[PDB]
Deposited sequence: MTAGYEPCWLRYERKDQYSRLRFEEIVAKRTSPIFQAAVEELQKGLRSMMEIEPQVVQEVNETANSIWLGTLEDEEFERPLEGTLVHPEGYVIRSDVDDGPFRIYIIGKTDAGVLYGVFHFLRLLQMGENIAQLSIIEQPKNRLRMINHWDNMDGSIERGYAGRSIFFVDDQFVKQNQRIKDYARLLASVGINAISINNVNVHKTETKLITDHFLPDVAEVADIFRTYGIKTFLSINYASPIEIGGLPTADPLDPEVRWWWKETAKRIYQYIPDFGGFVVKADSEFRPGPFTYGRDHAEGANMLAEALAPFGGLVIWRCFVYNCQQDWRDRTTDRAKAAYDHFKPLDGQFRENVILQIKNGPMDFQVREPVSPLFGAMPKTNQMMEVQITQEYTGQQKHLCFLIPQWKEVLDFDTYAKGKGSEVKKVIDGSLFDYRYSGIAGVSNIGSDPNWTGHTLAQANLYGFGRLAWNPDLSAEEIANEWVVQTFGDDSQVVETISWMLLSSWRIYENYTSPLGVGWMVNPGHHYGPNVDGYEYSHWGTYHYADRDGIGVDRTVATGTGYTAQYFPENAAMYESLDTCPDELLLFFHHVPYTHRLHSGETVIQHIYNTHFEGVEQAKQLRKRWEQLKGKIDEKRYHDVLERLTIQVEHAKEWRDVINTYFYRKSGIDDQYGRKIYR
């Protein structure tokens, strides 16, 4: 498999460093991982093999690794560190030997500092006078795996599970170690290794039969500062506990979970906790607080956390009833429960109120629960964004969500401030991303999708990083510093999401995908289903009326500033118009386009743009190794051909329904 962004490509003779020793003040597993990474990077890039020592040699050029407590003289900069995972990197200002100090608040801080130092070297930065201080914004920077133990991965487009096979754990762990290195390099500090939809075999991950293996995996992740979590089956008491119910208020059920927690911590002392998708609490007339709190109480004595997913809605909605709105479900179910959740419970909410569509407005829940920890869930695997066949760099979208001002406490109440816990002083909060990896040699199916995993980690560490700099870092580390290569791949990445949205669902209405696998155009795919995902297109217009005045009243879930913006047909942003209003095809957008012509325009032009992505990539031939050049070219060609299908299906569907021809007379099949 590929090293992804940790290539540590050999430098030319004019870009090397002179170091004789690495001073490791600690011998903990995390320090060993940090030292090993430093040795690997310096050897591959610099062709040097500094000796690892435990005390500084005042006359040797060295890289010093330690925590504040290991310092001889604690300087002001590192003295300002408050976050456990924070660190400082600074070059000694003396005129003698060259010394680089990597000072972490804790061991994990040293590890992240080493990765940062190595990132600087891969990017060819001048490290003669460094003065860096970094502290992560989000406490939880997590990855959710949807891997099944039979090897399949739900919504996995990059191969099979690297964790399981034949209802067992894989015997080889070398790839898990390399995966841990990739995650740690971008600051990811938490991971749930199994599908949130817990099946028969997976339910047993919390039993003695599989805990030894879970512990072996946790041991590897622990060395890289990563806490391990398990997704659980709420009905476990029944399925494997032999109890007659799973009711969270049943005494025996409560005790069963306490005993289960105790058992897990005997194998994994620093177990992170449970990720829960939920026989469930409502099966017994209990609410989410009662259901989550029961699990929270079981984990409390051990410091474990309960990550309760808010992806709850009536999966049996009637398309006939336009008064019911799936988009309102999450808020209506959890908002009223604010303040009733135990302190170690974190509500995990998707970026949008529906289901990871190419574009969805921000979930109203963010900013609405001052007394309840919250963390956002984003999807790295491209379920509705191309399935790694189409290129789609998700970082720009995630920044739009993170930078969305909820106005919960007036201007300056961005989503990022909600989930980083600063706005409401949340004890536990952060962000989680659904893994896009698999057994494929390139890990992500589409070589360029590696940028989404890298980018997720970067944003999790600091949401303020620009999409531009994240793309630049990833391209340089993965493909080198040739200015043409960097500018071209960066442009491809930065423009990809808009290009894909252009030829898929219009103006934020979402969906229009084939049911089941969710890949490809099918305008009415779920239009008459019971999933609550409708566009209501007819011969005169299209869109969901989510207004308070005449619609579902969904706009009222936002604070006044945003509620008013979406409520008004005139101020509602074009990009989300059809998610909030039902309008005639002739309605004029802010862009000046009628709604119907906008549909035609973006679909015809989106294909043209996809062809440009391919053309620009082809111009890089000779500057990229043949293997990756062809791997990506193959996918770009697949993208162009499928984009044509998206364009024609959508254009024809709307021509057949609206009867309005393309303004420019471009080809729409009858």
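Unmodelled segments of the deposited chain, in sequence order: 1 to 4, 283 to 287.
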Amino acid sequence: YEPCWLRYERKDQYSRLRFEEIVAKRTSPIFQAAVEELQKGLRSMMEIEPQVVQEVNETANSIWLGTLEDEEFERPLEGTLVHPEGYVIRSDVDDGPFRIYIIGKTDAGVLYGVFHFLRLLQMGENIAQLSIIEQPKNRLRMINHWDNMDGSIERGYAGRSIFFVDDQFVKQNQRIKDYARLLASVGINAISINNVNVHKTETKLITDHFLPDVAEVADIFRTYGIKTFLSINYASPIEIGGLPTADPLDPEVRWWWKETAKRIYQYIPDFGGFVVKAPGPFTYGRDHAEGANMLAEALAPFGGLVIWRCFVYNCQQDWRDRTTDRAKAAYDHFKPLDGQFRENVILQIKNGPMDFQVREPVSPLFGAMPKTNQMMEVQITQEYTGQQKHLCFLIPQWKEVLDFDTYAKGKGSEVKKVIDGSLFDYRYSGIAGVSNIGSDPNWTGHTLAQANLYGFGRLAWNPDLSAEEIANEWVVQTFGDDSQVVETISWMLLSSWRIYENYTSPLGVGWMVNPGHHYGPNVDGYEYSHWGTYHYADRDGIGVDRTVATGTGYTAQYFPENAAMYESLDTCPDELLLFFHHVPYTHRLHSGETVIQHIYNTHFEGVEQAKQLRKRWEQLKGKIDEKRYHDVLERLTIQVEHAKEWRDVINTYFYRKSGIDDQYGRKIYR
From here on, numbers count along this sequence of modelled residues.
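60 to 68 and 599 to 607 differ in mean CA B-factor, and the higher of the two is recorded for 60 to 68. Stretches 366 to 374 and 497 to 505 differ in mean C-alpha B factor, with the higher average recorded for 366 to 374. Looking only at 324, 591, 185, 144, the residue with the top Cα B factor in the deposited structure is 324. For the set 546, 335, 390, 587, the PDB entry puts the maximum C-alpha B factor at 335. The entry lists a Cα temperature factor for residue 648 that places it in the lowest third of the chain's modelled residues. When the modelled residues of the chain are ordered by their C-alpha B factor, residue 7 lands in the middle third. The PDB entry assigns residue 355 a C-alpha temperature factor belonging to the lowest third of its chain's modelled residues. Among all modelled residues in its chain, residue 667 ranks in the middle third by Cα B-factor. Sort the modelled residues of the chain by CA B factor and residue 640 lands in the lowest third.
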